[PDB]
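Right, one structure below, let's go through it.
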Amino acid sequence: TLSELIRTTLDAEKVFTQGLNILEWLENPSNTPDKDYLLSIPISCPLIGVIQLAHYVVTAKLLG
Amino acid sequence: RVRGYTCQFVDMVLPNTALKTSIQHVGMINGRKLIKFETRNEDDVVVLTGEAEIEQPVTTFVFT
């Protein structure tokens with residue numbers, strides 16, 4: 001949905017240099033971008049939201 | 001302030017690589033600093049060398 005929002009928005013791809021394929025970044029740690037650019041706000045802000053939603057999920061699922 | 005920048009390409013560079021650039025102030029030329037740098041990858045192989053002529057800040061000499 002964010003990969004979608006890159007092409008949907010006028011000038012996103014140049015702000016999002018190193019992509020947002022977070023699937024490969026976690027499944028294979030060698031392909032992961034730097035720890036200086038992840039902390040940049042356009043890529044940091046939504047991913048921190050994702051983590052919060054994720055903690056809500058792993059709460060809800062283990063409760064049934 | 002940066003006046004003259006040259007860059008020697010020794011070897012090639014893959015995506016997702018961690019470049020380790022060391023910067024040295026080595027000399028002067030009539031109030032311009034000589035910067036010499038040296039960039040290595042993970043495998044500690046020489047990739048980039050070069051020189052940088054950089055101006056002194058705006059200077060005023062005042063005599064006692």
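Following the order of the structure tokens, first chain is A, next is B, and so on, with residues numbered from 1 inside each chain and ligands from 1 in the order they appear.
Residues with any atom within 10 Å of residue 42 of chain A, counting only C-alpha atoms and excluding same-chain neighbours fewer than 4 positions away, are residues 12, 15, 16, 37, 38, 46 and 47 of chain A.
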Taking C-alpha atoms for each residue, export the selection above as a tab-separated table (two decimals), in the first residue's frame.
chain	number	residue	atom	x	y	z
A	12	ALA	CA	7.91	10.28	-3.67
A	15	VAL	CA	12.52	11.02	-1.32
A	16	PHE	CA	12.18	7.14	-1.16
A	37	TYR	CA	18.15	6.80	6.42
A	38	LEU	CA	15.48	4.62	8.18
A	46	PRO	CA	4.61	5.38	9.00
A	47	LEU	CA	6.83	2.33	9.94
Tell me, counting only C-alpha atoms, for each residue of chain B within 10 Å of chain A, which pair of atoms is nearest and how far apart they are in Å to one decimal, in rows ordered by chain and increasing number, as JSON lines.
{"residue": "B:15", "atom": "CA", "partner": "A:31", "partner_atom": "CA", "distance": 9.0}
{"residue": "B:16", "atom": "CA", "partner": "A:31", "partner_atom": "CA", "distance": 6.3}
{"residue": "B:17", "atom": "CA", "partner": "A:31", "partner_atom": "CA", "distance": 9.3}
{"residue": "B:18", "atom": "CA", "partner": "A:34", "partner_atom": "CA", "distance": 8.4}
When you look at segment 46-55 of chain B with a cut-off of 8 Å (counting only C-alpha atoms), what residues show up, excluding the ones that are within fewer than 4 positions of it in the same chain? I need them as a list in words.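 Counting only the stated atoms, we get residues 1, 2, 3, 4, 5, 6, 7, 8, 9, 10, 11, 12, 13, 31, 32, 33, 34, 35, 36, 37, 38, 39, 40 and 41 of chain B.
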